[PDB]
Protein chains: 2
Amino acid sequence: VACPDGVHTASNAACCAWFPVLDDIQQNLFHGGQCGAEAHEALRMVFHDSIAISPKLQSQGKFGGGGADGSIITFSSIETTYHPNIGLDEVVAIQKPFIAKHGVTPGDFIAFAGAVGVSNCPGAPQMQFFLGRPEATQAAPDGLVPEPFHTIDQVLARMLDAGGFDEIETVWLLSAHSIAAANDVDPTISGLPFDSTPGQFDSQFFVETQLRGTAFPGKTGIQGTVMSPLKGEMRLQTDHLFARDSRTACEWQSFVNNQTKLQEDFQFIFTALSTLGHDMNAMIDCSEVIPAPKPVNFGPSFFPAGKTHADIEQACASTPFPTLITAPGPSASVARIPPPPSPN
Amino acid sequence: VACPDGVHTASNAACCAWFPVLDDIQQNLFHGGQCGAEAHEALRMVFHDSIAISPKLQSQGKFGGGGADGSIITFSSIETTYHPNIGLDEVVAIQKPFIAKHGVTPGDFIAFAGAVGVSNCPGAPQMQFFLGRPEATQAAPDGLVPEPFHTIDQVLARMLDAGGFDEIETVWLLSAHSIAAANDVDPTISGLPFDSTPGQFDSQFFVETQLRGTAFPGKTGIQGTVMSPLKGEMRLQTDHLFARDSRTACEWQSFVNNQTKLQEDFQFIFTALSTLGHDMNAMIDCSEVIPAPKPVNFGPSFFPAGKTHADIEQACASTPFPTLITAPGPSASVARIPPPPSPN
Ligand code: HEM
Ligand code: HEM
Ligand SMILES: *[C@@H]1O[C@H](CO[C@H]2O[C@@H](C)[C@@H](O)[C@@H](O)[C@@H]2O)[C@@H](O[C@@H]2O[C@H](CO)[C@@H](O)[C@H](O)[C@H]2NC(C)=O)[C@H](O)[C@H]1NC(C)=O
Ligand SMILES: *[C@H]1O[C@H](CO)[C@@H](O[C@H]2O[C@H](CO)[C@@H](O)[C@H](O)[C@@H]2O)[C@H](O)[C@@H]1O
Ligand SMILES: *[C@@H]1O[C@H](CO)[C@@H](O)[C@H](O)[C@H]1NC(C)=O
Ligand SMILES: *[C@H]1O[C@H](CO)[C@@H](O)[C@H](O)[C@@H]1O
Ligand SMILES: *[C@H]1O[C@H](CO)[C@@H](O)[C@H](O)[C@@H]1O
Ligand SMILES: *[C@H]1O[C@H](CO)[C@@H](O)[C@H](O)[C@@H]1O
Ligand SMILES: *[C@H]1O[C@H](CO)[C@@H](O)[C@H](O)[C@@H]1O
Ligand SMILES: *[C@H]1O[C@H](CO)[C@@H](O)[C@H](O)[C@@H]1O
Ligand SMILES: [Ca+2]
Ligand SMILES: [Ca+2]
Ligand SMILES: [Ca+2]
Ligand SMILES: [Ca+2]
């Protein structure tokens, strides 16, 4: 169908209005389509907005939250005070102007920006975008977003309540930490990545969390973190535990050297996550507006410079960690990703 | 020496003025230290400024140019009209204000910007900076910067006249095409990279130019270009010929899988190029102002997705092209690097 603008075409008229939002954010939020601080922040926003849903609280007569309803923006003055949501007050502040200019809901904007932000990362899957998330009525309660100091059992339970995500699917979701940094965990350094390739959607996160830890990247012993294997890299205690837990270890290892599996799983689970609190069959598929992802321009998984197969703590009992190629050069260090400055 | 900053430190007081220049271009020219369009442009400037020097014209009583003297900016009205300098008028226009703002010489600024620009690219060597290039007195004549349709013999003569670079050293200087795109060779499309990793100072350029060429990326038969092996990648005819010439083929192949050789050679030759027309001995070493290069966060050289050792056109007779690992995913395609918008 021809859009009213005379310029675009869409298989559903409701999709028309997203073309202008795409051009605006590619240019002004992601600074020319980068997989940078803003793209990583857009993906974290999808998770903090979406997982705040609890059939278990609902069943007890309590509001368990609306899932993917943009409540983190509409009710940011409540929701960004929660400890799991640290730093999102500034992310809301960067995203607000775009929502206002385009007259779209905060919920649909979050899912759209998260999908477009991921597509800018080499190795990303083709991302989907389902449309139809009315404004939130109420703020989600606290206690719904997982913390890096929670036990594996506590995280697995929350995930299963929120969305019926088992432990296999939870491992797939954590693929998101392959394009991510920590700005607010270590008070002395902001922008410490979780893998040595925060600008690439790959399996380095799955390789590097399996290495033995040798030091804290900044301030020593922060709760929710453990020693990481590389200077400049942060390791969260949960990611450390998932890589070594008997229920999840082999799934964790399965992404090592399997970019195809990584893409397929994440493409699926991201659609599941972004539509929590809604009926997908009642939403409009505007996936056609999301651009083709940046192509892979990297080889197979590797051991960072200075590390060998001997540095691997094997945890998958049925399958031994593969013997990967070591990167060239001097012992690896990871460069920081400085966060955006306050607003515009 | 304490810098009359009340802050910084340098071994030579003349180096303190470059700290402020650093900060300004890192944020405003390179848009937060990236290895993007402007960083690539700054490196191209070094070459186009420095190589316009000719002992052979001088000995005939003609001005052969001043080498690294900033003449491409002082005399932009003349130099940027030469065919080999296509697109450099927009680059001069972008660089001029910083020069005016900090009151440094144009030649010193060009070398400083190119060193800083390259250090932003993962895989780069530690870059040097020698200070002391007085303003140009005259515009270099034309006929001094190589063209992609020139023969190997002609390019080699030109380089040997200019700075005494043999065929070996010429192969090293061409490592710069590992972090570069063509904005103006195909009139149909700008930003076509020469390797599939324009944001990494690596050996993919040396791998990729050796693959059999299969299609033109835009318009067919453009002068000074040949068929490249991947959609979205341009292959220059000089680059094609160097990979296959008996004089240069083995030196070209020596960089495949030798990140260390790649770095050491380029560190050296870049210093050699940037001081053409001056006595390095009378220059101040201000290398301590240049940031440590972004670390390697990539594995060994690889064949792009869809290519194998079978696709390589062997040119080095003494050493066969190594069997590299093939990248994951579907047949590789190369994403464009859009040029900066024209401030005129
Ligand atoms: C399930 C257990 C999880 C826990 C304990 C956890 C923990 C964290 C922590 C503590 C940070 C740093 C935040 C800051 O410093 O302000 C982080 C950031 C990040 N997380 Fe998670 N996370 C979980 C799962 C997820 C999931 C499933 C995704 C989304 C699909 C997600 C996407 C992100 C990304 C993209 C960032 C980086 C933000 C940016 O770079 O600014 N995380 N997470
Ligand atoms: C000596 C034979 C060489 C030839 C024939 C040549 C040819 C070219 C051509 C035709 C382009 C595209 C320009 C345009 O489309 O505007 C280009 C870009 C580039 N060249 Fe060379 N070049 C040579 C050597 C070098 C060397 C020695 C260096 C620096 C040390 C260099 C640095 C670059 C860079 C970094 C760019 C990309 C510019 C940006 O992306 O905008 N070139 N080269
Ligand atoms: C990475 O590079 C150095 C540089 O050496 C040579 O690389 C060859 C492929 C060759 O074509 C030639 O042009 C170049 O000089 C490799 O070998 C080194 O040889 C030099 C000379 O004395 C030394 O600088 C190095 O220390 C020496 N290495 C050793 C082990 O002696 C080096 O071997 C190479 N690595 C690989 C992967 O081959
Ligand atoms: C590296 O090893 C390979 C074996 O995988 C050899 O390559 C053979 O196969 C190539 C296609 O993969 C082909 O182009 C080549 O000529 C060989 O027949 C290669 O010689 C190296 O020894
Ligand atoms: C990669 O994952 C696929 C599933 O998507 C699986 O069949 C295959 O065994 C895995 N291969 C590797 C290289 O581990
Ligand atoms: C080599 O040194 C680097 C830089 O200190 C570390 O990041 C790495 O673990 C190894 O010790
Ligand atoms: C390790 O060192 C690198 C360079 O080796 C830095 O970029 C990084 O911040 C880390 O401290
Ligand atoms: C596979 O396909 C791509 C096109 O997507 C080419 O770049 C490549 O050369 C191979 O044929
Ligand atoms: C081919 O190149 C190799 C590098 O792999 C050299 O060692 C050899 O002598 C020949 O020139
Ligand atoms: C091959 O495909 C990529 C994206 O998949 C493009 O960006 C490129 O220009 C080429 O057509
Ligand atoms: Ca919500
Ligand atoms: Ca990564
Ligand atoms: Ca000059
Ligand atoms: Ca490259």
# chains A, B, ... in the order shown; residues from 1 in each chain; ligands from 1
call {"tool": "residues_around", "arguments": {"residues": "residue 209 in chain B", "least_positions_apart": "5", "cutoff": "12 Å", "atoms": "only C-alpha atoms", "output": "CSV table (one decimal) with N, CA, C and O atoms, in the first residue's frame"}}
result
chain,number,residue,atom,x,y,z
B,174,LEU,N,51.2,1.1,1.6
B,174,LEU,CA,49.9,0.7,1.1
B,174,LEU,C,49.0,0.0,2.2
B,174,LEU,O,47.8,-0.1,2.0
B,175,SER,N,49.6,-0.4,3.4
B,175,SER,CA,48.9,-0.9,4.5
B,175,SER,C,47.8,0.1,4.9
B,175,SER,O,46.7,-0.3,5.5
B,177,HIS,N,45.6,1.4,3.1
B,177,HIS,CA,44.4,1.0,2.5
B,177,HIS,C,43.5,0.0,3.3
B,177,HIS,O,42.4,-0.3,2.8
B,178,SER,N,44.0,-0.5,4.4
B,178,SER,CA,43.3,-1.4,5.4
B,178,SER,C,42.3,-0.5,6.1
B,178,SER,O,41.4,-1.1,6.8
B,193,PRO,N,34.6,0.6,0.8
B,193,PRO,CA,35.9,0.3,1.4
B,193,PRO,C,36.7,-0.6,0.5
B,193,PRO,O,36.3,-1.2,-0.4
B,194,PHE,N,38.1,-0.6,0.8
B,194,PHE,CA,39.1,-1.4,0.1
B,194,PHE,C,39.3,-2.7,0.8
B,194,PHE,O,39.9,-3.6,0.2
B,195,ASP,N,38.8,-2.8,2.1
B,195,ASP,CA,38.8,-4.1,2.7
B,195,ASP,C,37.5,-4.3,3.5
B,195,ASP,O,36.8,-3.3,3.6
B,196,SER,N,37.2,-5.5,4.0
B,196,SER,CA,35.9,-5.7,4.7
B,196,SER,C,35.9,-5.2,6.1
B,196,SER,O,34.9,-5.1,6.8
B,203,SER,N,45.3,-7.0,8.4
B,203,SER,CA,45.7,-7.6,7.1
B,203,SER,C,44.6,-8.0,6.2
B,203,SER,O,45.0,-8.6,5.2
B,204,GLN,N,43.3,-7.7,6.4
B,204,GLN,CA,42.3,-8.1,5.5
B,204,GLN,C,42.5,-7.5,4.1
B,204,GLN,O,42.2,-8.2,3.2
B,214,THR,N,35.5,-10.8,-8.9
B,214,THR,CA,34.3,-11.3,-9.5
B,214,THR,C,33.2,-10.3,-10.0
B,214,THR,O,32.4,-10.7,-10.8
B,225,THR,N,40.1,1.1,-11.6
B,225,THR,CA,39.5,0.0,-10.9
B,225,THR,C,39.4,-1.3,-11.7
B,225,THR,O,39.3,-1.3,-12.9
B,226,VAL,N,39.3,-2.4,-10.9
B,226,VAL,CA,39.1,-3.7,-11.5
B,226,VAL,C,37.9,-4.4,-10.7
B,226,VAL,O,37.4,-3.7,-9.7
B,227,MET,N,37.6,-5.6,-11.0
B,227,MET,CA,36.5,-6.3,-10.4
B,227,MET,C,37.0,-6.7,-9.0
B,227,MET,O,38.1,-7.1,-8.9
B,228,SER,N,36.1,-6.5,-8.0
B,228,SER,CA,36.5,-6.9,-6.6
B,228,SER,C,35.8,-8.3,-6.3
B,228,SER,O,35.0,-8.7,-7.1
B,229,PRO,N,36.3,-8.9,-5.2
B,229,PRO,CA,35.7,-10.2,-4.8
B,229,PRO,C,34.4,-10.2,-4.0
B,229,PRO,O,33.8,-11.3,-3.8
B,230,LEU,N,34.0,-9.1,-3.5
B,230,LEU,CA,32.9,-8.9,-2.6
B,230,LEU,C,32.0,-7.8,-2.9
B,230,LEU,O,32.5,-6.7,-3.2
B,233,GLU,N,32.7,-3.8,-2.0
B,233,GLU,CA,34.2,-3.5,-1.9
B,233,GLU,C,34.7,-3.0,-3.2
B,233,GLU,O,34.5,-3.7,-4.2
B,234,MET,N,35.5,-1.9,-3.2
B,234,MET,CA,36.2,-1.4,-4.4
B,234,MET,C,37.6,-2.1,-4.4
B,234,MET,O,38.2,-2.3,-3.4
B,235,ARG,N,38.1,-2.4,-5.6
B,235,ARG,CA,39.5,-2.9,-5.8
B,235,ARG,C,40.1,-1.9,-6.8
B,235,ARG,O,39.7,-1.8,-7.9
B,236,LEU,N,41.1,-1.2,-6.3
B,236,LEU,CA,41.9,-0.2,-7.2
B,236,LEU,C,42.8,-1.0,-8.1
B,236,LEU,O,43.4,-2.1,-7.8
B,237,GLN,N,43.0,-0.5,-9.4
B,237,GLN,CA,43.9,-1.3,-10.2
B,237,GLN,C,45.3,-1.3,-9.7
B,237,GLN,O,46.0,-2.3,-9.9
B,238,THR,N,45.9,-0.3,-9.1
B,238,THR,CA,47.2,-0.4,-8.6
B,238,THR,C,47.3,-1.4,-7.5
B,238,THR,O,48.3,-2.2,-7.5
B,239,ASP,N,46.3,-1.5,-6.6
B,239,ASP,CA,46.3,-2.5,-5.5
B,239,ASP,C,46.3,-3.9,-6.1
B,239,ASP,O,47.0,-4.8,-5.6
B,240,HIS,N,45.5,-4.1,-7.1
B,240,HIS,CA,45.4,-5.4,-7.8
B,240,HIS,C,46.7,-5.9,-8.3
B,240,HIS,O,47.2,-7.0,-8.1
B,241,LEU,N,47.4,-4.9,-9.0
B,241,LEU,CA,48.8,-5.2,-9.7
B,241,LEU,C,49.8,-5.4,-8.7
B,241,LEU,O,50.7,-6.2,-8.9
B,242,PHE,N,49.8,-4.7,-7.5
B,242,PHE,CA,50.8,-4.9,-6.5
B,242,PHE,C,50.7,-6.3,-5.9
B,242,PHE,O,51.8,-6.8,-5.6
B,243,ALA,N,49.5,-6.7,-5.7
B,243,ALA,CA,49.4,-8.1,-5.1
B,243,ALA,C,49.9,-9.2,-6.0
B,243,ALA,O,50.2,-10.3,-5.5
B,244,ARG,N,50.0,-8.9,-7.3
B,244,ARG,CA,50.4,-9.9,-8.2
B,244,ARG,C,51.8,-9.7,-8.9
B,244,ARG,O,52.2,-10.7,-9.6
B,249,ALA,N,54.6,-9.1,-4.7
B,249,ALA,CA,53.7,-10.2,-4.3
B,249,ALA,C,54.0,-10.9,-3.0
B,249,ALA,O,53.1,-11.1,-2.1
B,252,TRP,N,53.7,-8.3,0.0
B,252,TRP,CA,52.2,-8.2,0.1
B,252,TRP,C,51.6,-9.3,1.0
B,252,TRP,O,51.0,-9.1,2.0
B,253,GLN,N,52.0,-10.6,0.6
B,253,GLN,CA,51.5,-11.8,1.3
B,253,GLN,C,52.2,-12.0,2.7
B,253,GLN,O,51.5,-12.6,3.6
B,256,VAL,N,49.8,-11.2,5.7
B,256,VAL,CA,48.7,-12.1,5.9
B,256,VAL,C,49.1,-12.9,7.2
B,256,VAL,O,50.1,-13.5,7.2
B,303,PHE,N,39.3,-15.8,5.7
B,303,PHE,CA,38.7,-15.6,4.4
B,303,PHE,C,37.3,-15.1,4.7
B,303,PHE,O,36.6,-15.6,5.6
B,304,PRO,N,36.8,-14.0,4.0
B,304,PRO,CA,35.4,-13.6,4.2
B,304,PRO,C,34.5,-14.8,3.9
B,304,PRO,O,34.8,-15.7,3.1
B,311,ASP,N,39.9,-19.7,-3.8
B,311,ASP,CA,39.6,-18.4,-4.4
B,311,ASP,C,40.8,-17.4,-4.6
B,311,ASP,O,40.7,-16.4,-5.2
B,312,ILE,N,41.9,-17.9,-3.9
B,312,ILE,CA,43.1,-17.0,-3.9
B,312,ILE,C,43.9,-17.2,-5.2
B,312,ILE,O,44.0,-18.3,-5.7
B,313,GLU,N,44.4,-16.1,-5.7
B,313,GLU,CA,45.2,-16.1,-6.9
B,313,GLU,C,46.7,-16.0,-6.4
B,313,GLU,O,47.1,-14.8,-6.1
B,314,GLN,N,47.4,-17.0,-6.2
B,314,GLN,CA,48.7,-17.1,-5.7
B,314,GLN,C,49.7,-16.3,-6.7
B,314,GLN,O,49.7,-16.5,-7.9
B,315,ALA,N,50.5,-15.4,-6.1
B,315,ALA,CA,51.4,-14.6,-6.8
B,315,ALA,C,52.8,-14.8,-6.2
B,315,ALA,O,53.7,-14.9,-7.0
call {"tool": "select_by_dssp", "arguments": {"residues": "range 123-306 of chain A", "states": "strand (DSSP E)", "output": "JSON, numbers by chain"}}
result
{"A": [130, 131, 181, 182, 192, 193, 225, 226, 235, 236, 284, 285, 302, 303]}
call {"tool": "write_last_selection", "arguments": {"atoms": "N, CA and C atoms", "output": "compact mmCIF listing (two decimals), in the first residue's frame"}}
result
# COMPACT_ATOMS: atom_id res chain seq x y z
N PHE A 130 7.03 -5.68 16.10
CA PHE A 130 5.57 -5.81 16.19
C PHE A 130 5.17 -4.55 16.91
N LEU A 131 4.09 -3.98 16.37
CA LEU A 131 3.53 -2.73 16.79
C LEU A 131 2.18 -2.79 17.55
N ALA A 181 28.26 -2.65 28.08
CA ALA A 181 29.19 -2.15 29.04
C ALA A 181 28.46 -1.82 30.33
N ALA A 182 29.19 -1.69 31.40
CA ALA A 182 28.77 -1.27 32.72
C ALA A 182 29.26 0.13 33.04
N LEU A 192 32.89 -0.08 31.20
CA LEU A 192 33.65 -1.34 31.14
C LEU A 192 32.87 -2.41 30.43
N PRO A 193 33.25 -2.92 29.26
CA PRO A 193 32.50 -3.87 28.50
C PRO A 193 32.41 -5.25 29.16
N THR A 225 29.93 -8.49 41.25
CA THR A 225 31.03 -8.77 40.31
C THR A 225 32.06 -9.69 40.91
N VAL A 226 32.76 -10.36 40.01
CA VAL A 226 33.89 -11.24 40.36
C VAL A 226 35.12 -10.84 39.53
N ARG A 235 33.22 -8.57 34.82
CA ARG A 235 32.52 -9.88 34.77
C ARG A 235 31.42 -9.82 35.86
N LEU A 236 30.15 -10.01 35.49
CA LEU A 236 29.13 -9.95 36.55
C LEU A 236 29.07 -11.32 37.26
N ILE A 284 0.59 -5.41 14.97
CA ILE A 284 0.85 -5.37 13.51
C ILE A 284 2.34 -5.63 13.28
N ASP A 285 2.65 -6.47 12.35
CA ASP A 285 4.07 -6.76 12.08
C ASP A 285 4.64 -5.66 11.17
N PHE A 302 37.63 -16.67 19.10
CA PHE A 302 39.04 -16.68 19.44
C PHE A 302 39.28 -16.44 20.91
N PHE A 303 40.49 -16.86 21.33
CA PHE A 303 41.05 -16.60 22.63
C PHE A 303 41.70 -15.22 22.52
call {"tool": "residues_near_ligand", "arguments": {"ligand": "ligand 10", "cutoff": "10 Å", "atoms": "only C-alpha atoms and all ligand atoms", "output": "mmCIF file with C-alpha atoms, in the first residue's frame"}}
result
data_model
loop_
_atom_site.group_PDB
_atom_site.id
_atom_site.type_symbol
_atom_site.label_atom_id
_atom_site.label_comp_id
_atom_site.auth_asym_id
_atom_site.auth_seq_id
_atom_site.Cartn_x
_atom_site.Cartn_y
_atom_site.Cartn_z
ATOM 1 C CA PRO A 122 27.933 -6.513 12.896
ATOM 2 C CA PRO A 291 16.990 -2.331 8.232
ATOM 3 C CA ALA A 292 19.018 -5.441 7.224
ATOM 4 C CA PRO A 293 21.642 -5.945 9.929
ATOM 5 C CA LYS A 294 25.332 -4.972 9.450
ATOM 6 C CA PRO A 295 27.094 -7.949 7.878
ATOM 7 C CA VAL A 296 29.545 -10.176 9.807
ATOM 8 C CA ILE B 189 28.229 5.335 -4.898
ATOM 9 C CA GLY B 191 32.120 5.124 0.741
ATOM 10 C CA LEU B 192 33.177 1.806 -0.808
ATOM 11 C CA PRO B 193 35.889 0.256 1.410
ATOM 12 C CA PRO B 217 30.704 -2.924 -7.004
ATOM 13 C CA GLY B 218 28.874 -0.020 -8.762
ATOM 14 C CA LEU B 230 32.859 -8.920 -2.597
ATOM 15 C CA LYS B 231 29.727 -6.826 -3.020
ATOM 16 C CA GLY B 232 30.349 -3.346 -1.626
ATOM 17 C CA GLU B 233 34.167 -3.460 -1.864
ATOM 18 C CA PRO B 330 26.183 -16.030 4.445
ATOM 19 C CA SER B 331 28.277 -14.779 1.576
ATOM 20 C CA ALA B 332 30.073 -11.678 2.707
ATOM 21 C CA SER B 333 28.961 -8.263 1.723
ATOM 22 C CA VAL B 334 30.752 -4.996 2.760
ATOM 23 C CA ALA B 335 28.788 -2.065 4.282
ATOM 24 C CA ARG B 336 29.601 1.462 2.927
ATOM 25 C CA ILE B 337 31.185 4.200 5.017
#
call {"tool": "interface_residues", "arguments": {"of": "chain B", "to": "chain A", "cutoff": "6 Å", "atoms": "only C-alpha atoms", "output": "MDAnalysis selection string"}}
result
chainID B and resid 299:300 302 327
call {"tool": "residues_near_ligand", "arguments": {"ligand": "ligand 9", "cutoff": "8 Å", "atoms": "only C-alpha atoms and all ligand atoms", "output": "list in words"}}
result
residues 250, 251, 253, 254, 316, 317, 318, 319, 320, 321 and 322 of chain B
call {"tool": "write_last_selection", "arguments": {"atoms": "N, CA and C atoms", "output": "PDB file, in the first residue's frame"}}
result
ATOM      1  N   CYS B 250      55.240 -11.287  -2.765  1.00  0.00           N
ATOM      2  CA  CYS B 250      55.646 -11.920  -1.539  1.00  0.00           C
ATOM      3  C   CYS B 250      55.636 -10.942  -0.375  1.00  0.00           C
ATOM      4  N   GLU B 251      55.951  -9.665  -0.542  1.00  0.00           N
ATOM      5  CA  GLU B 251      55.984  -8.729   0.582  1.00  0.00           C
ATOM      6  C   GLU B 251      54.512  -8.482   0.963  1.00  0.00           C
ATOM      7  N   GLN B 253      51.973 -10.589   0.650  1.00  0.00           N
ATOM      8  CA  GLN B 253      51.544 -11.807   1.346  1.00  0.00           C
ATOM      9  C   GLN B 253      52.151 -11.992   2.702  1.00  0.00           C
ATOM     10  N   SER B 254      53.324 -11.396   2.975  1.00  0.00           N
ATOM     11  CA  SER B 254      53.962 -11.529   4.270  1.00  0.00           C
ATOM     12  C   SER B 254      53.099 -10.903   5.373  1.00  0.00           C
ATOM     13  N   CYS B 316      52.999 -14.977  -4.909  1.00  0.00           N
ATOM     14  CA  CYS B 316      54.290 -15.206  -4.286  1.00  0.00           C
ATOM     15  C   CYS B 316      54.780 -16.608  -4.616  1.00  0.00           C
ATOM     16  N   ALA B 317      55.908 -16.693  -5.317  1.00  0.00           N
ATOM     17  CA  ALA B 317      56.378 -18.018  -5.741  1.00  0.00           C
ATOM     18  C   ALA B 317      57.097 -18.816  -4.693  1.00  0.00           C
ATOM     19  N   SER B 318      57.736 -18.141  -3.768  1.00  0.00           N
ATOM     20  CA  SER B 318      58.498 -18.811  -2.713  1.00  0.00           C
ATOM     21  C   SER B 318      57.658 -19.285  -1.546  1.00  0.00           C
ATOM     22  N   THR B 319      56.496 -18.679  -1.333  1.00  0.00           N
ATOM     23  CA  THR B 319      55.662 -19.050  -0.189  1.00  0.00           C
ATOM     24  C   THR B 319      54.224 -19.055  -0.652  1.00  0.00           C
ATOM     25  N   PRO B 320      53.600 -20.191  -0.422  1.00  0.00           N
ATOM     26  CA  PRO B 320      52.168 -20.367  -0.724  1.00  0.00           C
ATOM     27  C   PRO B 320      51.286 -19.691   0.335  1.00  0.00           C
ATOM     28  N   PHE B 321      50.189 -19.153  -0.146  1.00  0.00           N
ATOM     29  CA  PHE B 321      49.209 -18.428   0.675  1.00  0.00           C
ATOM     30  C   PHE B 321      48.689 -19.380   1.723  1.00  0.00           C
ATOM     31  N   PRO B 322      48.762 -18.971   2.979  1.00  0.00           N
ATOM     32  CA  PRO B 322      48.314 -19.832   4.091  1.00  0.00           C
ATOM     33  C   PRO B 322      46.852 -20.237   4.014  1.00  0.00           C
TER      34      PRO B 322
END
call {"tool": "select_by_dssp", "arguments": {"residues": "range 39-215 of chain B", "states": "helix (DSSP H, G or I)", "output": "number ranges by chain"}}
result
B: 39-50, 55-58, 71-74, 76-79, 83-85, 88-102, 106-119, 152-163, 167-179, 204-208
call {"tool": "atom_distance", "arguments": {"atom1": "CA of residue 19 in chain B", "atom2": "CA of residue 107 in chain B"}}
result
17.2 Å
call {"tool": "atom_distance", "arguments": {"atom1": "atom 14 (C, counted along the ligand's line) of ligand 1", "atom2": "CA of residue 87 in chain A"}}
result
6.0 Å
call {"tool": "atom_distance", "arguments": {"atom1": "CA of residue 70 in chain A", "atom2": "atom 5 (C, counted along the ligand's line) of ligand 1"}}
result
20.6 Å
call {"tool": "residues_around", "arguments": {"residues": "residue 272 in chain B", "least_positions_apart": "3", "cutoff": "10 Å", "atoms": "only C-alpha atoms", "output": "count of residues only"}}
result
12
call {"tool": "residues_near_ligand", "arguments": {"ligand": "ligand 1", "cutoff": "7 Å", "atoms": "only C-alpha atoms and all ligand atoms", "output": "PyMOL selection string"}}
result
chain A and resi 37+40-41+43-44+46-47+85-87+146-148+155+170+173-174+176-177+179-185+236+238+270
call {"tool": "write_last_selection", "arguments": {"atoms": "C-alpha atoms", "output": "tab-separated table (two decimals), in the first residue's frame"}}
result
chain	number	residue	atom	x	y	z
A	37	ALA	CA	26.64	3.58	23.76
A	40	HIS	CA	23.56	-0.68	23.84
A	41	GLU	CA	21.38	1.50	26.12
A	43	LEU	CA	18.70	-2.85	24.09
A	44	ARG	CA	18.97	-2.68	27.94
A	46	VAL	CA	13.80	-3.30	26.14
A	47	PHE	CA	14.78	-5.69	28.98
A	85	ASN	CA	17.47	0.38	36.87
A	86	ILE	CA	20.52	2.49	37.81
A	87	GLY	CA	21.60	4.76	35.00
A	146	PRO	CA	17.25	-9.39	38.15
A	147	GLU	CA	20.48	-8.13	39.90
A	148	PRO	CA	24.06	-9.43	39.26
A	155	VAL	CA	17.13	-15.43	38.43
A	170	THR	CA	17.52	-17.48	29.70
A	173	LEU	CA	18.63	-13.73	26.39
A	174	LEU	CA	22.08	-13.11	28.02
A	176	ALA	CA	22.63	-9.32	24.85
A	177	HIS	CA	25.78	-8.92	27.07
A	179	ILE	CA	27.14	-5.69	23.01
A	180	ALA	CA	27.26	-4.07	26.42
A	181	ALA	CA	29.19	-2.15	29.04
A	182	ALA	CA	28.77	-1.27	32.72
A	183	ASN	CA	28.63	2.46	33.42
A	184	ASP	CA	27.38	2.38	36.99
A	185	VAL	CA	28.69	-0.83	38.71
A	236	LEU	CA	29.13	-9.95	36.55
A	238	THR	CA	25.53	-13.97	37.50
A	270	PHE	CA	14.03	-10.92	21.46
call {"tool": "residues_near_ligand", "arguments": {"ligand": "ligand 4", "cutoff": "6 Å", "atoms": "only C-alpha atoms and all ligand atoms", "output": "number ranges by chain"}}
result
B: 308-310, 322-323
call {"tool": "decode", "arguments": {"residues": "range 22-39 of chain A", "atoms": "C-alpha atoms", "output": "PDB file, in the first residue's frame"}}
result
ATOM      1  CA  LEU A  22      13.952   5.340  11.572  1.00  0.00           C
ATOM      2  CA  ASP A  23      15.737   8.203   9.729  1.00  0.00           C
ATOM      3  CA  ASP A  24      15.638  10.420  12.817  1.00  0.00           C
ATOM      4  CA  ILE A  25      17.070   7.854  15.247  1.00  0.00           C
ATOM      5  CA  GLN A  26      19.689   6.451  12.830  1.00  0.00           C
ATOM      6  CA  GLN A  27      21.015   9.939  12.462  1.00  0.00           C
ATOM      7  CA  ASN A  28      20.545  11.566  15.844  1.00  0.00           C
ATOM      8  CA  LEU A  29      20.337   8.845  18.447  1.00  0.00           C
ATOM      9  CA  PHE A  30      22.739   6.277  17.004  1.00  0.00           C
ATOM     10  CA  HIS A  31      24.995   8.944  15.392  1.00  0.00           C
ATOM     11  CA  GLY A  32      24.951   7.550  11.889  1.00  0.00           C
ATOM     12  CA  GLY A  33      23.927   3.975  12.590  1.00  0.00           C
ATOM     13  CA  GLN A  34      26.534   3.089  15.158  1.00  0.00           C
ATOM     14  CA  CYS A  35      26.538   0.072  17.551  1.00  0.00           C
ATOM     15  CA  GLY A  36      27.750   2.453  20.305  1.00  0.00           C
ATOM     16  CA  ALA A  37      26.638   3.581  23.764  1.00  0.00           C
ATOM     17  CA  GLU A  38      23.110   4.601  22.641  1.00  0.00           C
ATOM     18  CA  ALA A  39      22.474   1.300  20.755  1.00  0.00           C
TER      19      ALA A  39
END
